[PDB]
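So the structure is just underneath, and the comments pick up after that.
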Amino acid sequence: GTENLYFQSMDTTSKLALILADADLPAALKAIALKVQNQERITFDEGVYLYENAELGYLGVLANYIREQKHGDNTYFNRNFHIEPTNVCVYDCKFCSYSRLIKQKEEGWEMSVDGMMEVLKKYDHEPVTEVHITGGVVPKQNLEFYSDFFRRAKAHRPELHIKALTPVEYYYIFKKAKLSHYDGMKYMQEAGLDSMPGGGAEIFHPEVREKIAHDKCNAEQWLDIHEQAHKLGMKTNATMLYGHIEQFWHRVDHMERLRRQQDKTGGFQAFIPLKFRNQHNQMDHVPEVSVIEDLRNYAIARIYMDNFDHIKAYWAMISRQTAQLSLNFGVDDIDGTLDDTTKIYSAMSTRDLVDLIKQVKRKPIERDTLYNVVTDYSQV
Ligand SMILES: Nc1ncnc2c1ncn2[C@@H]1O[C@H](CCC(=O)c2cccc(C(=O)O)c2)[C@@H](O)[C@H]1O
Ligand code: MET
Ligand code: SF4
Ligand SMILES: [Cl-]
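See below:
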């Protein structure tokens, strides 16, 4: 009664070896395990096969093998802050609480360029490396507005990296400006855009996208705007909204499109699964998937996305425990709101995040825009 304890005790390489020598493991799971040992790409039908057949333990062996081969114990997080230009939107995403169908313009606010600069200036004494800019799409927040803001932010703090806006936003403002995607992203980069976050991906396949995100930019337009960014030397992230009404093959379709794009242009850094949460949206009725399904999803993302450096977990949207366990199922990269401020006159701190990473035996690296170390907290 120590067979399972023996398995759990094995290093990463030997766990993979043990699974390959198990006579009772189905031939198809072995063949995928051998592909991972040989650094061979997993095909679409193999991806769907993992989702529909592979257990958590098996997926851990393969995902953690790939994660440790690429990163060892390195677990990355950056020091950034968020500006939300508006919390109302012209689109109707069924999963989103900003949908024009459940939130009128009057419940909401709209920042001016002055307002965004006043928020940015509050961080002037923080060693933040990056600002994340995202929110609703509204017609007053146009190409002119965002180019004006990028120029002011770059003149005020030239070394602050601007990770601003998704293809959902760029499709809208380029179409209104009458700019091609290439010319628009070129213009925005000159004004001071540095990279795009991975938002607005949802699920790409029309069968799902028509039902959860009908009106905003489609898969073709999302991938095309990332292509133009990559051709201009910009790095970008990619997301996938999972655990709602999609089938497993929709997730593999989504990752397959991302993987081909990455083969063409190579500018993706991180793939960020986003777990559907059924609070405060028109998908209220839709049941959330289990923690086991979240961990299997990170694992298959690590296995499938062989040309993406980083699998990233957004800590805000999941339990502490799921975030921590994800670091053993393919995740090397963490996004959170780091908040180290002392409340003078009466939130995840760096110390709390460093402790969560060390608790599951990982090396917490605070990283810069190039994913190089600012502080290696394993030596602190
Ligand atoms: N109910 C929901 N349940 C789950 N997800 C929801 C819900 N509502 C909205 N979202 C998601 O938020 C995204 C925008 C945020 C985003 O992509 C992001 C976040 C952190 C880091 C980066 C990065 O690139 O570093 C990008 C939307 O596209 C949507 O898919
Ligand atoms: C706040 S949602 C993320 C940004 C953009 N509105 C999108 O759907 O892509
Ligand atoms: S576009 Fe982005 S913000 Fe507007 S509704 Fe859809 S998800 Fe929410
Ligand atoms: Cl985003």
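According to PDB author numbering, the stretch in the sequence shown is residues -8 to 337, 347 to 380, in order. Backbone N, C-alpha and C define an ideal beta-carbon position, used for all residues, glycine too.
Alpha-carbon spacing of residue i relative to residue j, whole angstroms
i: residue 382; j: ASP215; result: There is no way to answer for residue 382, as the model of the chain reaches only from -8 to 380.
i: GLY99; j: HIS172; result: 29 Å
i: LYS177; j: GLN253; result: 20 Å
i: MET102; j: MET274; result: 28 Å
i: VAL354; j: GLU284; result: 26 Å
i: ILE93; j: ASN272; result: 8 Å
i: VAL373; j: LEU232; result: 30 Å
i: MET1; j: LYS358; result: 20 Å
i: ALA18; j: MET187; result: 41 Å
i: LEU41; j: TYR289; result: 12 Å
i: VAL81; j: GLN60; result: 44 Å
i: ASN29; j: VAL282; result: 30 Å
i: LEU25; j: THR328; result: 39 Å
i: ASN(-5); j: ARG142; result: 58 Å
Whole-Å CB distance - residue i paired with residue j, under 8 Å assumed
i: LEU50; j: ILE291; result: 6 Å
i: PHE299; j: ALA347; result: About 30 Å separates the two Cβ atoms, so there is no contact after all.
i: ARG293; j: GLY321; result: 3 Å
i: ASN71; j: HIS116; result: About 15 Å separates the two Cβ atoms, so there is no contact after all.
i: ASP330; j: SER349; result: 6 Å
7 Å CB neighbourhood of residue i in its chain, flanking five on each side removed
i: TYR305; result: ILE263, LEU265 and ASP326
i: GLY126; result: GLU75, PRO76, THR77 and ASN78
i: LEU316; result: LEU286
Residue i classed as buried or exposed, judged by whether at least 16 other C-beta atoms fall within 10 angstroms
i: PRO118; result: exposed
i: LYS361; result: exposed
i: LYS166; result: exposed
i: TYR(-3); result: exposed
i: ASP244; result: buried
i: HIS276; result: exposed
i: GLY63; result: exposed
i: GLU181; result: exposed
i: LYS6; result: buried
i: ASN44; result: exposed
i: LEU318; result: buried
i: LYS207; result: buried
i: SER310; result: exposed
i: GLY234; result: buried
Sequence-distant residues of the same chain with beta carbon closer than 6 Å to residue i, five excluded per side
i: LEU134; result: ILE164 and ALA168
i: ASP185; result: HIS152 and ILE153
i: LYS145; result: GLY183
Own chain, CB closer than 8 Å to residue i, minus 5 neighbours either side, in chain order
i: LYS202; result: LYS85 and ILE236
Can you list, in chain order, the stretches of the alpha helix (DSSP H) that have 4 or more residues and sit fully within the segment 187 to 274?
DSSP runs (the alpha helix (DSSP H)) wholly in the segment 187 to 274: 197 to 203, 210 to 222 and 239 to 256.
Which runs of the alpha helix (DSSP H) spanning at least 4 residues fall entirely within the segment 14 to 99, listed in chain order?
Segments of the alpha helix (DSSP H) lying fully in the segment 14 to 99: 18 to 28, 35 to 44 and 47 to 62.
Can you list, in chain order, the stretches of the alpha helix (DSSP H) that have 4 or more residues and sit fully within the segment 116 to 173?
The DSSP assignment places complete alpha helix (DSSP H) segments of no fewer than 4 residues inside the segment 116 to 173 at 134 to 147 and 158 to 168, in order along the chain.
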